[PDB]
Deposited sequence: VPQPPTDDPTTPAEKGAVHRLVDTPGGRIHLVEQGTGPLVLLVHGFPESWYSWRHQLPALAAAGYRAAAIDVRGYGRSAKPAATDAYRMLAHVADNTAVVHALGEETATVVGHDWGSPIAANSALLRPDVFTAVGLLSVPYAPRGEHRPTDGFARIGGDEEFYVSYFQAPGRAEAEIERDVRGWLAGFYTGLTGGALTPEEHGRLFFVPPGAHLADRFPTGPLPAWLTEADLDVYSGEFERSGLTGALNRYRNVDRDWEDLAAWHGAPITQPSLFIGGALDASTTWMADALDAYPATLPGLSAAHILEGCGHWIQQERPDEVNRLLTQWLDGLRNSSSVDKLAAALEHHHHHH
């Protein structure tokens, strides 16, 4: 908003747009799907006030950042190159990278592939899972039986786009609402991630009022982005899970040793469906400071619990600046 400043920086893949606020060590924030730099609006002044230079990018394919045409231009190595060039373009040599949802694997792999640049890593909602042995799409395909796991539904180009483009604002509204903590029962919350043959993912989205974290003016911002960007850039992220599995094969099973932080929502499927990865943290994230679970919190962790995320981030950052268990938080 105000105090925060928009920047356009050049990277090998092209233009990256970001909003930065504050002075001090660089904290690079990486949003998820289908989101925006604007998802960090609550973190930007808190990190700035706490003595940090926070920079929230638009991920490749999103908002005002470059959106290359080729699908493989959204492979993990491209996002990691995007982050590296942003740190350098901001005049820094190192940074803490914090990622949410798809920004979490982007942040983890940034820390994994360039540890001399990304010297600490925060992960929200999606735990770190090392590159594994099996092809992801063959895996997403076991799931569901009958119904198609939404990640498989997302693979075919133009398919999910056609569904979403029917009414972008409505589709975002349903998705934002549906994954908010407590918006759906566990049981419908789970059925939301599967698409019956011939159906649409949004057929199981709720239609009631916007959640408390999303005003109509906030939705105008989000829908205003995707009505302009389209969804292909965002969706191409999912369309590289196989390519990423090949590219990261040199880091098969590799741990992130740098200091790390995990914050997840108790009502977040991204957290509860990958509990095994989360429980492997003593081996996969040996430098983890702590794993925090926010009770009653859904998927949009840094907007559903902005003050709690702010508190945990800056406490963790400050601990690193002045130099295990699941910790569960109430409210």
Since the structure holds only modelled residues, which stretches of the deposited sequence does it leave out? 1-13, 337-345
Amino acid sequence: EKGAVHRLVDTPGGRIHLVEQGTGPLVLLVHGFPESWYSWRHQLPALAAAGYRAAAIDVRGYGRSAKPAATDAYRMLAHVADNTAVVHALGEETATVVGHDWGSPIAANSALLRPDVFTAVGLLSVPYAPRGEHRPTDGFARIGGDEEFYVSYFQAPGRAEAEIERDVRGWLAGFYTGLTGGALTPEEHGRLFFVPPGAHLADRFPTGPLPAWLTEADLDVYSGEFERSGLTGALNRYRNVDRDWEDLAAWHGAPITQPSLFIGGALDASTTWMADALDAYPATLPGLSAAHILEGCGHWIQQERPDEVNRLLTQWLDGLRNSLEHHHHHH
From here on, numbers count along this sequence of modelled residues.
Ranked by mean Cα B-factor in the entry, 175-183 and 190-198, top stretch is 190-198
Decide which of the stretches 158-166 and 143-151 has the higher mean C-alpha B-factor, going by the entry. 143-151
Whose CA atom has the top B-factor in the entry, of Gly103, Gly233, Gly224, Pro209? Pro209
CA B-factor ranking of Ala70, expressed as a third of its chain: lowest
On the chain's distribution of Cα B-factors, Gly63 falls within the third called lowest
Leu312's Cα B-factor: lowest, middle or highest third of the chain? middle
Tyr128: CA temperature factor from the record, placed by chain third, in the middle
The third of the chain into which the C-alpha temperature factor of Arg228 falls is the lowest
